[PDB]
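Protein chains in written order, with PDB author numbering: chain R, 186 to 229; chain G, 181 to 500; chain r, 63 to 98. Heads up, the beta-carbon is just placed ideally off N, CA and C, and yes, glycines get one too.
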Amino acid sequence: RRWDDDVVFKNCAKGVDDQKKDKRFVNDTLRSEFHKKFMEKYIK
Amino acid sequence: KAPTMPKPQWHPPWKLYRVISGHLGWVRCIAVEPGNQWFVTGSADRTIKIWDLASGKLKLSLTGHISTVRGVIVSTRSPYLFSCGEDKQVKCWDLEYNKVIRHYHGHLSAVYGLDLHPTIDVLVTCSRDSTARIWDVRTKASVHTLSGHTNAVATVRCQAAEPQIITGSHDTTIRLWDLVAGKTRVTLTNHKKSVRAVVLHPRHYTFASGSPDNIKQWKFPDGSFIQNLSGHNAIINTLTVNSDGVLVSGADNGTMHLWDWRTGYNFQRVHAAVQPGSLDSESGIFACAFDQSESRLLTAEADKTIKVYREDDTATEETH
Amino acid sequence: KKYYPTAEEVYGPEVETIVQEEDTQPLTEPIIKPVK
């Protein structure tokens, strides 16, 4: 109580805004979960 | 006006029940276990993965190949799921420990297909270098080099009824090389296109054959052209035939034309859809084989989706 | 975020298209005979 007063953004409550994760495979190898993680972890 | 026209065979149309898509790449081979429980299917990701034949869920994932797995022949006479890879290695992955047990070699290039003989303890590995190979099972050695093709030997057939081994050459000339001698006992005066398909209907007739352009039937003793095929001009890659009289033709264009082995008219001739991640013109039946219970047809498309087609009862499908 | 068409309308609503990735029987159930 009264610990977050000047907080502009109150609560997002949405990580991916459609589901908890992807949970859907696609034949496009570039637009998939494998190339999305390999371009985010190994690359910077 | 046509002979045997008003009396065709009975063939109800099928329907897709489940489209399993778990592989990463174009599936090149598909096979079902003889116990109707496992479904072995390779892919372009160098991983032969087995799934449930009825439930459709994943069961195992077995990698090890260095190229595309273009052949999966599950042996019914012995527990060994032999596989043919394109990296010039017939990796006989035995299912007794889920690992490689033989790792036979001898081919100079990629292997097109593999077929296990029901009687002789040997594996006919139809390679693509210049010929096939008669590899002896549990001996890790070749028996004889059946060099009777002017091109890559794509199809292969090891029937107990046919004394020779029916090899499908891509040089527009099928051959029947004997098991003992090795030379081609009889050629084929048909299949003007590059023949890369073969079938067998041992239910009530002899083994047939196939071709991409101008396909025709055949006979097991020394060959006999019974009748030609219907209007299917696409590049056929899968040719399955069930014991109930169904004749499924899987082409690369996606037009899975289903006809009758006796009548010859196309019953369904339906075209399948594609994956949303795939391209517009990418769906093509590369391999197709019926189930062990002969109930739900299984066709592995090129759009990384192993589709299963179940049956459905209907009566308003009379052909003229 | 992303933008992609759903697979439910492409393959039809009748055919229950499943997409299994991994983590099912790690080389034990088809390897040996099950414990009867």
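Under a criterion of Cβ atoms nearer than 7 angstroms, the residues of chain G adjacent to R/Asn212 are, in order, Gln455, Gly457, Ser458, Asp483 and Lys484. Neighbourhood of r/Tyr66 in chain R, by CB distance below 9 angstroms: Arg209, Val211, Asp213 and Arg216, in chain order. When C-beta atoms of the stretch 376-384 of chain G are compared with those of the stretch 406-413 of chain G, fewer than three pairs fall below 8 angstroms, so the two segments do not count as touching.
Remark: C-beta atoms of G/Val375 and G/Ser349 approach each other more closely than 8 angstroms. In the structure shown, the three-state DSSP call for R/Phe219 is helix. Here G/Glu266 is buried: its Cβ has 16 or more other Cβ atoms, across all protein chains shown, within 10 Å. Judged by DSSP in its simplified three-state form, G/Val291 adopts strand.
For G/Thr352, the CB contacts under 7 angstroms within the same chain, skipping 5 residues up- and downstream, are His371, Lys372, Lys373, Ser374 and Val375 in chain order. Between the stretch 203-220 of chain G and the stretch 489-497 of chain G there are fewer than three C-beta pairs closer than 8 angstroms, too few to call the two in contact. G/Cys264 carries a strand assignment under DSSP once its states are collapsed to helix, strand and coil. Pairing G/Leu294 with G/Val317 gives a Cβ-Cβ distance that is not under 8 angstroms. Counting C-beta atoms within 10 angstroms of its own C-beta, G/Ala495 has fewer than 16 neighbours from the protein chains shown and is therefore classed as exposed. Judged by their CB atoms, R/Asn212 and G/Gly457 are nearer to each other than the 8 angstroms cut-off. r/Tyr73 is classed as buried because its beta carbon has at least 16 other beta carbons within 10 Å across all chains shown. Looking from the CA of G/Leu427, the closest CA among G/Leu288, G/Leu356 and G/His191 belongs to G/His191. Residues of chain R with a Cβ closer than 7 angstroms to the Cβ of G/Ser201 are, in chain order, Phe210. Here G/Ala431 is buried, its C-beta having at least 16 other C-beta atoms within 10 Å. G/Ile345 is a Cβ neighbour of G/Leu359, given a cutoff of 8 angstroms. When secondary structure is reduced to three states using DSSP, G/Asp483 falls in the coil class, being assigned neither helix nor strand. DSSP places G/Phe447 outside both helix and strand once states are collapsed to three, so it counts as coil. Restricting attention to beta strand (DSSP E) runs no shorter than 3 residues, the stretch 383-423 of chain G encloses them at 416-421, ordered along the chain. Distance from the Cα of G/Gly464 is smallest, within the candidate group G/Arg257, G/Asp440 and G/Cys209, for G/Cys209. Residue range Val426 to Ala431 is occupied by the beta strand (DSSP E) that includes G/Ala431.
Using a CB distance cut-off of 8 angstroms, r/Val97 does not count as an interface residue toward chain G. The three-state secondary structure of G/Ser322, taken from DSSP, is strand.
Take G/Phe400, set aside five residues on each side of it, and the residues of its chain with a beta-carbon closer than 6 angstroms to its own are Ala341, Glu342, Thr386 and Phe387, in chain order.
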